[PDB]
Amino acid sequence: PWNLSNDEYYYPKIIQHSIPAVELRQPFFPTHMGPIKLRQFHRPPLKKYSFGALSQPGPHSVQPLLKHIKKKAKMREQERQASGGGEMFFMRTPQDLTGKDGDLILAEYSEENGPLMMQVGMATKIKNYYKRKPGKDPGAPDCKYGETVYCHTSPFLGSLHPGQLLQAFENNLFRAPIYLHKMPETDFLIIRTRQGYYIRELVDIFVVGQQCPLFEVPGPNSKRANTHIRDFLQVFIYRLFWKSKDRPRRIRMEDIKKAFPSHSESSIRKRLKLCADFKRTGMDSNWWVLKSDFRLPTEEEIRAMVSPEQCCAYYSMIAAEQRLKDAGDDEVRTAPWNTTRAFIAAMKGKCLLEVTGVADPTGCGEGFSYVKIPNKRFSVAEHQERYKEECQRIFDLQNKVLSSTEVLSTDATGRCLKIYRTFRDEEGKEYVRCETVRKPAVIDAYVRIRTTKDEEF
Amino acid sequence: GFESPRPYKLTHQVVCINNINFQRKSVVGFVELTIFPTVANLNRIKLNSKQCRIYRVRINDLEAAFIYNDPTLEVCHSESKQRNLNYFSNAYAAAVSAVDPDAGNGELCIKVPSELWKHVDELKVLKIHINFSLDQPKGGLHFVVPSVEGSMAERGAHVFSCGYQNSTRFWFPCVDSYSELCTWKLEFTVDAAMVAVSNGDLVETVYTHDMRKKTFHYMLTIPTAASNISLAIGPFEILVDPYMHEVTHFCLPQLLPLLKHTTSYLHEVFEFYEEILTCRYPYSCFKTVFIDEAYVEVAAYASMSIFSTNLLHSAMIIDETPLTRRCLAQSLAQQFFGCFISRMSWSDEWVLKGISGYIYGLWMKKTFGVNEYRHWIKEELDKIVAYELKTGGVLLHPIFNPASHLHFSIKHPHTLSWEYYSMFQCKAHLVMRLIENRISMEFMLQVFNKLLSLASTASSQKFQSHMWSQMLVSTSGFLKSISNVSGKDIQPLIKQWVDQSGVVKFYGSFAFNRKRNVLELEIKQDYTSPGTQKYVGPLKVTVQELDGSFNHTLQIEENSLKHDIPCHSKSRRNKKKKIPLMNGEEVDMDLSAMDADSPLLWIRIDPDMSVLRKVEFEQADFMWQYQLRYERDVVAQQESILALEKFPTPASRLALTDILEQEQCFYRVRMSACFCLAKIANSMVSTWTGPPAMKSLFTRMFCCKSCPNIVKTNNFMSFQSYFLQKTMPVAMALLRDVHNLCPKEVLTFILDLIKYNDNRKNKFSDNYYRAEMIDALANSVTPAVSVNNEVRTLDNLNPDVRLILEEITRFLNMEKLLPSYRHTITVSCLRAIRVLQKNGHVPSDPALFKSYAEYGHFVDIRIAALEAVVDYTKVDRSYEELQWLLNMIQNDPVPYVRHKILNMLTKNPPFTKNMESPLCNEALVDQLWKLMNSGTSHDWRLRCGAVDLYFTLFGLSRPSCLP
Amino acid sequence: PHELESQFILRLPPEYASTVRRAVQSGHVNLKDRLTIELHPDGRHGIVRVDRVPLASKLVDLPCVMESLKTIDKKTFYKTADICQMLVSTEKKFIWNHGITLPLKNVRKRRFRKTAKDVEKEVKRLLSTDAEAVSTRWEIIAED
C-alpha cells in the first residue's frame, strides 16, 4: 500500500563545452596558480603589454565591430544551412571563443566567492522553469533566451508559485536562478587585445542568485584532490608527448617543471617512470623518450581521464585554501568542500541544512546557508516542515529582492606591537630604530612568523 | 498518411437506446449515421452488426434494402468431416476477415436506393437510419439481474457493455474499426431510479411525460472510434471526486464507503500522467464504473473505465491496495494512449500497447520505487522468455502467414489466443523500455508529447478527417517522430526485436588468467532452439573486483567466443580497506572465501536487461554468495538466490540467513530467500545441526521475548515484516525429514501460530495472513501410506492430518458465519482440501467442490472450486466431471467463469496428445469441434479458448483417436 | 599561443554615452577617430576622448564578478571572459562599492558577508628590515 522499496540503501542519491575546454588547453585551464593569482581568482587585472600596438604609450582609437559581427553570423548561418540545416557545433577553435562575434549577454553574480564557477570556454544552458496555474493556464510567459520546461518538482530549495516562470543557469557544475535586467544606458563593453580596443554595446545582463551546487568540491589533501592533481599532470604529460614531432616521441623535463613548479620532481618522475625513459648519452640525450611498447592514449581516452568540471572544483578548492590561509571554525564551515557536501547530502535526503547561519554568503537574512544539521515533542514532521517552509520563504525573498528594478539610494588583549632595530650607518655609527605597529592585522602575521621561526630551529 | 479501406467517410453517429427491459433482457433503439461517399457509384454500404435484429433501414428517409449474413456464426459446415485444427484456423481467419471493417467488408450490406445515385456520384451526404432490437443478448451488453424481489433499482440490476477490441458491433450497428473516427451523440432512456453512464459529457437529463423514465443525453465532440464507445446503466451510487471535479465514480448500492476509500488515490495518478507527458487529460470528464460479473478486471473506453467491484476494498485491507492502485493506473494509461491516440491498422498495435505499458511502468517506478520497478521488469522478462521458448514467439508488427509456428492466425485480434494477447502487451512494453535505453527517457517523453500534441490539434478541427487521422498513430509515423526528436533512428533495434520474433539465450563461463591479469569470458548462444534468435550487437557486462565495479562493452559477432577483458589490482586485500560498490558506497567484505589469485568478486552478464535474454552464467558459489550479500541491485540478488539452490553448502545457508535477518534489503528478496533456504535445508538433511530452518529466526523476529512459542499479537503496520511474517511459515512447511515427512516440530509451530493469533489490536485485517496459514498447513501434507488400496475412512487417518483437517474445518465453518474480505479463507481451505485429496487422506470426491462451483457464490470461490474439479478430472479420468465442465462452459451466466474454465482446462488438461486415455472418443472430438464451430460463436474469447483446448488435447493434425 | 582577451566595462557621462551609442549602432569607422582611450602609467587613471573632448577616467574594481557569455542559438551559452573592472569617466578610491545592475547597489557594504582576522607585504618589509639589522627587541605593549 506504500513504497516498500528500500531505495535509500540501494540507490543512495548533455552540456557540450568547447574543444579548447574539453582538451584542457593551458590559457583557459591553468596548470598552476600562485598566491597572487589565487587572490585574483576570476578577477583578472588589466595587464600592461610589453610588445604590441597597445604597449606603446599614448591615445588609442577603439574600433567598432558590427560588420564583423554580422559577417561572422552570416557565415555561421551559411555553414549551418550547408550542413543540412540542423543545429551545429561551432566552438572548435580558441578563436571561436572571442567576444568579437555572436550575441553576448552579461551575467553578474550575487555572492562574492561562489562555491563553483565556470572557466573560460565552458558551456551552460538557460532553462525557464514554468509551473502551470491550477487547471487552465495560458502558457509559459515567453522569454528571449533559453528553453522552457514545465517543473512540477521545483529544482531549487523553494517551490515555484503557480504561474511563475523562473529562468536558471543549468550546467554540470551548479544550477542557479538568474534574473534578466536591462543594461545601464551609459555602459559599453571594451574588448582590449594586443592590437587595439574594440567596443560592443550590451543590452542584456542577468543577475545570478545563490548557486545550488551539483558537483562536490574536494577538500584539501583529500583522496579526490590528490587523484585530480595526479591525473591532471598525467594528461599534460600525454599531451606534451602528442605535440612532440620527433619520431621517437620525446619531451623535456623542464617544460613540465615550468608548467607545474610547485610539484616536487619525484612526483613528475613517478608519472614519467611508466610511459617514458631518460636517455643520458648518445642521441636523444637529456630527453624523456616514449617507450616503444607503450601505446600513447587516443584523444577520447585523454578526454575521459580528466573532466573540466573536476578542474573547476579543484580551482575552487585551492582558491578557498588561499583565502582561508590569508585570513588566519565559522570560516571553515563556509569553505566550498563543506558547503557542497552539505547541499548534495541534503538533495539526497541524508540530512537537513540550517537555512539561517554563518555560511550565508549575503551576511544578512537573504540567501541560504549550506551546512549540515541532523534530521533529528515532534522529532520528525515538525523539523522537516519547518526546514521546508524556511526554504520557501528564503527562496521567495531572494527572487523578489534580485528582480527588483527599484532604484536603491547610495548609502583580544588590546595590545599593540613595538619593534627596536639596531643597524650600522655608512662610515661608523650604531643608530637604533624603535617602530610601533598599531595595526592588529600586521601584528598577527608578524608574530606568527617569529613563533614559527622560533620553533624552526 | 492514412487512406481509408472503406469507400465512405463517417462523420457523426447518433445512438439512441429506448426500452431497456431488464425482465426480458431486451433493448430497442435506432442508429443514425452520417456518411460522405469518397468514391462515386457507392451502391452498397457495408456496416458491422452482430446479434441485433435489424427492423428497417432508411437512407435519406428513403426505404432501402439490406441483406445480413454472418460467416463467423458457424465457421465450417456441419457436414464436413474435417477434424484437424489448421483447417479450422484458416477457415476462422477467413471468416473474421470476411466481416472485417479493416478491409472494406462488413456483415450488414445495405443497398443504396436508385434515386440517390445522382446524390452519390457528385459526393454529397447520406444519412442512414437503422432501427434495431436486441432480443436477449448473448454478448456485448451483459444484463446482471439478481433474483431478489422489488423494483429493478431495489434489487440491484444493471447492464454494461462487455467484450475486447472491436466488440461494439454486438450491441449497435456501426463501423467497428479503430480507424473510423466520428463525433457522437448518445441518448439512453432509462428508469427514473437508474443512471446511464457513457462516453462524452452529459449535456442534459430530461424526464419523460409520465416522469417514470428519464433520457440521458451525452455528446462526444472529440472524434473517437465506434470501438471505444461504452455503456453502463444501473442504480449506481454517484460520488464526485473531492480533489478533481470532472471525475465522477459510480458504484453499486451499499458500496459507497469502499468506493470513497478505493478511488481516493486516482488524483495522484492523474497528476503523474499529466506531469510526465505535458498534455492535460484530453477528455472533458472521467467516469469510473464498478460493476458485478465483469468481463475483464479493467476495461478502458473513451472518457470512461469499467472496473469490477472486486477491486473495492476498505481502509483496513492490505495486500489489495497496490493491485487496485495499479489497475486504476493502467486504465488511465490506456485512456491516454489507447483511446485518444488510436490505431491505424491491426499492425501498429504494438506501439499503443507499448506506450501504455511503458508509462504505466514509469508510474510504478515513481509510486512503488525503483526496486519494485526492477522486480516487475524482471518478472515480465522471465514471463516472455518462458512463453517464447515454450511456443514459437510473439511477433510485434507482422506484415501481411508471417508467423506459421503457432496454431492461430495473427491477422486479427479476435483470432489470437488470450495468452498470446497477454504476452503481446508484455513484449510491447519491454521493447519500449529498450527504445528508451537506446534513446534517452526525456527524448522518449518528448516523442509521446509530440504524438499527443498532434492528436489534440487534430481533435478540435471539424473537417471530416482531413485532419482527424493525425489522431491515428502508425509504426512509420512513430519511428519518424523518434527520428525527428533525436536524430538517431532505431531501425536495427526495430528490425531485431519487433520484426523478428525471438529472444536470445546466453551461456557464459569465465576463466581468470593470473599471468596476464585478464578475465577470459566465454559467451555462447543457443540459436537452434525453436524460440531463439541470434544476437550480434554489443553486450554490457559488469565485473565487481576488489578495486570496485567496472562496466565493459563486448562485441558479440557470430564467430565470437572468447572475450578478454582486463582486470585491476588486488591491493584492497593487502590492506583491509572497504571495497567500493556499484553505487558510491563501500562495505566491509569477508574475503576468506575468495580465491587468493583472482581479484574479481562477481560477474554479471547484461545487468541492465538491455536485451530480451535468458542468461546462464557459471560463477563459483562464493561469487554467488557475495552477489547475494553485497550487491545494490535487486535483480542480481534474485538471480543469486535462484543460483544458490544448486550449491547447498553451509556458506550459502549463512548467506541466505543473513539476507533474511537484514532489514534494508528489499522485501521481495527476503521472501525468495525463505523458499531458497527451505530447498537448501531439504537437500542437506543428515548434515543440519540445530533446529529446523527459519524457526529460531521466526521466534527472534516475530514472537515474544519471554515466550518463544507464543507469537506476538498482530500489528501489521510495517508492511514489510507483515509480508515476511506471512510468507515464512509457508516456506517453513516445505521442510522434510530423512523419512520424507514434514517434521512435527514445524507442523506444531504452524498450529501454534494459528491458535495464538490475536488480531483485536491492529488497524488492518487478518484474512491474508490466516489464508497463508492455511496454505502453510497445506504445504506440510506428504502422501499417505495406503496399504492394499485401503479405503480412506475416518479411523485410519494420519494423526498429523487429523489436526490439519480439524483446523481447516474450523476455518471454513467460521468463514460461513464471519466471512473474510474476498473469501480468502474459503479459497485457501478449498485448496487445502484438494491438497488432502490429492494425497491419500480424504476420499477423492468432487461433490464439495461441485457445490461450491454453483452460480450464487463469489467468483473467487467459484474459480477455486472449478480448479479443484479440473484437477480431479485430470487425476481420476472422470468422464462425467468432464461433461459437467463442458456443460458449464456452454451455459454459465458469467462469461469470465467460462473463459476461466477453458483456461484451467488448457493449463491442466485431462489428457494430452501423447496420452492414451479412456476420454479419447469420437464423441469428445465431435463435442469440442462443435464447441469451436458453433456454441462459442458469441464471445471471441471462448472461441479462442476452445481452439487452445483442441490444440492442447488433439494437436494440429487430425485427432488420432478417430476412424 | 593564445592569450585570454581582457574585457572591461566603459561608463561614460549620459550625453557622451548617447553620442557614443549612436556612433556604435551606426557602424562606420568614423567612430574609430571620434572615440579614443589613453591609459596613464598609474594604471588607474585615464582619458577617454569622445569627439576629441577629453574626459577624466578611473579604472575601478567591481565588487561582483561578471562573465561574458556568447551564443549562436540562444539556448547554450559559452563563457568568453571574466569582467571585474570598469573605466568610469566624468586603493580605496579604485574600489567600486555598487554593482552594475539595479538590485546590486551597496552590495559590498550590505549583500557581502565580511570575514576578517598590503598587510602581508608590510609584514614582509618588516621581516626584511629585521634581517638587515643586528639586534631586535620586541614587547607586546599597553596604552602609551
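Residues numbered from 1 in each chain as written, not as in the entry; some residues may be left out. Chains lettered and ligands numbered in written order. Part of a larger assembly, values for the part shown. Heavy atoms only, no water.

Per the PDB entry, chain C is named Transcription initiation factor TFIID subunit 7, and its organism is Homo sapiens. Within the Protein Data Bank, this record goes by the title "TFIID in rearranged conformation".

Going by the PDB entry, chain B carries the name Transcription initiation factor TFIID subunit 2 and comes from Homo sapiens. One UniProt comment on chain B, placed under Subunit (literature references left out), says "Component of the TFIID basal transcription factor complex, composed of TATA-box-binding protein TBP, and a number of TBP-associated factors (TAFs), including TAF1, TAF2, TAF3, TAF4, TAF5, TAF6, TAF7, TAF8, TAF9, TAF10, TAF11, TAF12 and TAF13. Interacts with TAF2C1. Component of the TFTC-HAT complex." (UniProt positions renumbered as here; feature names shortened; annotations may be inferred.)

## Topic: the packing of aromatic side chains
Residue and element names in this part refer to chain B. According to the stated counting rule, one finds 62 aromatic pairs over all chains in the structure shown. Where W171 meets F172, the ring centres are 4.8 Å apart and the plane angle is 85°; that geometry is what we call edge-to-face. The exposure classification of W171 matches that of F172, with both residues buried. Members of the aromatic cluster, each reached through a chain of ring pairs, are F88, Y92, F170, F911, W929, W940, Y950 and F954. A cation sits over an aromatic face here: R325 above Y265, 3.9 Å from the ring centre. (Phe/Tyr/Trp six-rings, centres within 6.5 Å; stacked < 30°, edge-to-face > 60°. Buried < 20%, exposed > 50% of the residue type's maximum accessible area, 1.4 Å probe, protein only. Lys NZ or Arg CZ within 6 Å of the ring centre and 35° of its normal.)

## Quick look at the pattern of salt bridges
Summed over the entire model, instances satisfying the criterion amount to 85 salt bridges over all chains. A salt bridge links B:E180 to B:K9; the shortest N-O distance between them is 2.8 Å. In this pair, B:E180 is assigned in the loop between β10 (158-161) and β11 (182-191) and B:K9 in strand β1 (residues 8-21), connecting sequence segments 171 residues apart. Considered together, B:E180 and B:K9 belong to a single accessibility category, that of buried residues. A single salt-bridge network, built from bridges that share partners, covers A:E23, A:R25, A:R239, A:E299 and A:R303. (Salt bridge = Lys/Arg side-chain N within 4 Å of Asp/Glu carboxyl O. Helix = DSSP H or I, 4+ residues; strand = E, 2+ residues; numbered from the N terminus.)

## Remarks on the interface of chain B and chain A
Between chain B and chain A, the contact holds 31 residues from the first and 15 residues from the second. Buried surface at the junction of chain B and chain A, both sides included, amounts to about 2100 Å², of which 52% is carbon and sulfur. For the pair chain B and chain A, the interface holds zero salt bridges. Applying the counting rule to chain B against chain A returns 11 residue pairs in polar contact. Of all elements in the fold, only α5 (266-276), α6 (321-340), α7 (349-390) and α13 (634-643) of chain B reach the threshold of two or more residues within the side of chain B that touches chain A. Take the side of chain B that touches chain A: its biggest share by element is seven residues, from α7(B). Considering only residue class, the side of chain B that touches chain A consists of 11 nonpolar, 10 polar and 10 charged. (Contact = heavy atoms within 4.5 Å. Buried area = accessible area lost by both parts, 1.4 Å probe. Polar contact = N/O pair within 3.5 Å; in protein donor to acceptor, adjacent residues only side chain to side chain. Nonpolar A, V, L, I, M, F, W, Y, C, P; charged D, E, K, R; others polar.)

## With respect to the sheet that holds strand β17 (residues 432-437) of chain A
Spatial ordering of the open sheet is given by β17(A)-β16(A)-β6(C), a layout of three strands whose pairing is antiparallel. Unpaired on one side and paired on the other, β17 of chain A together with β6 (136-140) of chain C mark the two borders of the sheet. Adjacent strand axes in the sheet meet at a mean angle of 15°, parallel and antiparallel pairs treated alike. Direction of pairing for strand β16 (residues 417-422) of chain A relative to β6(C): antiparallel, over a ladder of five bridges. Counterpart to A:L417 in the pairing with β6(C) is C:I140. (Pairing = 2+ DSSP bridges. Axes fitted to C-alpha atoms, helices over the stretch in contact; angles between N-to-C directions.)

## Considerations on the environment of B:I605
Residue and element names in this part refer to chain B. The residue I605 is located in strand β30 (residues 600-605) in this model. The class for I605 is buried, based on a relative accessible area of 6%. Distance from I605 to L818, taken between C-alpha atoms, is 52 Å for residues 213 residues apart in sequence. Leave out the neighbours within four places in its chain, and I605 touches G508, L521, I523, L539, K540, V541, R613, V615 and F617.

## Considering the environment of B:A681
Residues and elements named next belong to chain B. Within the secondary structure, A681 is located in helix α15 (residues 667-683). Its relative accessible area of 2% is what places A681 among the buried residues. Beyond its immediate stretch of four places on either side in the chain, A681 contacts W688, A693 and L735.

## Let's talk about helix α10 (residues 475-486) of chain B
Residue and element names in this part refer to chain B. Relative to the 16 Å expected for 12 residues at 1.5 Å per residue, α10 spans 16 Å between its end C-alpha atoms, a close match to the ideal helical length. Every buried residue of α10 is accounted for by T475, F478, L479, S481, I482, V485 and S486. Buried residues in α10, looked at end-on, bunch into an arc of 160°, giving them a common side. With respect to the buried face of α10, the exposed residues turned more than 90 degrees away are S476, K480 and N484. Once α10 finishes, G487 follows within two positions and takes phi at roughly 85°, a positive value. (Expected span 1.5 Å × (residues − 1). Arc of directions from axis to C-beta.)

## Quick look at unusual backbone geometry
All names here are of chain B. A positive phi angle, near 55°, is found at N43, a position not held by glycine. Note on placement: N43 falls in the loop between β2 (26-37) and β3 (45-47). Its identity as a non-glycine residue notwithstanding, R877 has a phi of 50°, on the positive side. The residue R877 is located in the loop between α23 (859-875) and α24 (879-890) in this model. Of the residues examined, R877 reaches a relative accessible area of 47% and is grouped as partly exposed.

## Looking at the pairing of strand β9 (residues 141-144) of chain B
Residues and elements named next belong to chain B. Residues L141 and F143 line one face of β9 and the alternating positions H142 and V144 line the opposite face, and both faces are buried. Pairing between β9 and β10: four bridges, direction antiparallel. Across the sheet, residue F143 finds its bridge partner in β10, namely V159.

## Concerning the interface of chain C and chain A
With 86 residues of chain C at the interface, the matching set in chain A holds 115 residues. Between chain C and chain A the total buried area reaches about 9600 Å² when both faces are included, carbon and sulfur atoms providing 59% of it. By the criterion of area lost to chain A, the three top residues of chain C are C:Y78, C:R111 and C:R113, representing 8% of everything that side buries. For the interface between chain C and chain A, the tally reads nine salt bridges. The salt bridge partner of A:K439 is C:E122, with a shortest N-O separation of 3.8 Å. Broken down by element, the residue count for the side of chain C that touches chain A peaks at 11 residues, all from strand β5 (residues 76-89) of chain C. When its residues are assigned to classes, the side of chain C that touches chain A shows 41 nonpolar, 20 polar and 25 charged. Sheet topology places strand β1 (residues 60-64) of chain A next to strand β2 (residues 35-39) of chain C; two bridges connect them, and they run antiparallel.

## Focus on the arrangement of the chains
Counting contacts across all two pairs of chains found in contact, the highest total belongs to chains A and C. Nothing in chain B touches chain C, and the closest approach of their C-alpha atoms is 16 Å.

## Considering the side chain of B:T475
Residues and elements named next belong to chain B. Note on placement: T475 falls in helix α10. Overall, the relative accessible area of 6% leaves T475 in the buried class. Side-chain polar atoms of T475 contact the side chain of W350, separated by 3.4 Å. For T475, the residues in contact, after removing those within four places along its chain, are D348, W350, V351 and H397.

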